[PDB]
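This report refers to the structure that appears directly beneath it.
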Amino acid sequence: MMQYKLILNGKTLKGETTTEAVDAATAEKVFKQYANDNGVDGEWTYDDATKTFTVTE
């Protein structure tokens, strides 16, 4: 699976985003900026079936 996704699981407001990044490293860098802007860059969950990162504040 390629097309990674992000889910902001904020204790205030939630959100999501997609990307064209094909590897977890590239996607992490893309999603980091998205959450660092949303004020949620905290923890970064991991997955092996869904390939979707989530923030944990």
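Residues in the structure tokens are numbered from 1 in each chain, the chains being A, B, ... in the order shown, and ligands are numbered from 1 in the order shown.
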task = Tell me which protein, DNA and RNA residues are within 6 Å of range 15-31 of chain A, counting only C-alpha atoms, leaving out same-chain ones fewer than 2 positions away, and put them as a ChimeraX atom specification.
result = /A:2-3,5-8,33-34
task = Quick one: pick out all strand (DSSP E or B) residues within range 8-47 of chain A from a backbone DSSP run and write them as JSON, numbers by chain.
result = {"A": [8, 9, 14, 15, 16, 17, 18, 43, 44]}
Selected residues written out, C-alpha atoms, as a PDB file, in the first residue's frame:
ATOM      1  CA  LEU A   8      -5.318  14.273  14.077  1.00  0.00           C
ATOM      2  CA  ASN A   9      -6.951  12.746  17.265  1.00  0.00           C
ATOM      3  CA  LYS A  14      -9.796  16.294  14.979  1.00  0.00           C
ATOM      4  CA  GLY A  15      -8.753  16.195  11.320  1.00  0.00           C
ATOM      5  CA  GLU A  16      -7.168  14.166   8.516  1.00  0.00           C
ATOM      6  CA  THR A  17      -4.913  14.559   5.422  1.00  0.00           C
ATOM      7  CA  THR A  18      -3.670  12.465   2.481  1.00  0.00           C
ATOM      8  CA  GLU A  43       3.262  11.318  19.531  1.00  0.00           C
ATOM      9  CA  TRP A  44       3.211   9.399  16.223  1.00  0.00           C
TER      10      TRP A  44
END
query = Residues of range 15-49 of chain A in helix (DSSP H, G or I) according to DSSP, as a ChimeraX atom specification?
reply = /A:24-38
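Atom pair CA of residue 32 in chain A / CA of residue 1 in chain A: separated by 20.2 Å.
You will find CA of residue 53 in chain A at 12.6 Å from CA of residue 40 in chain A.
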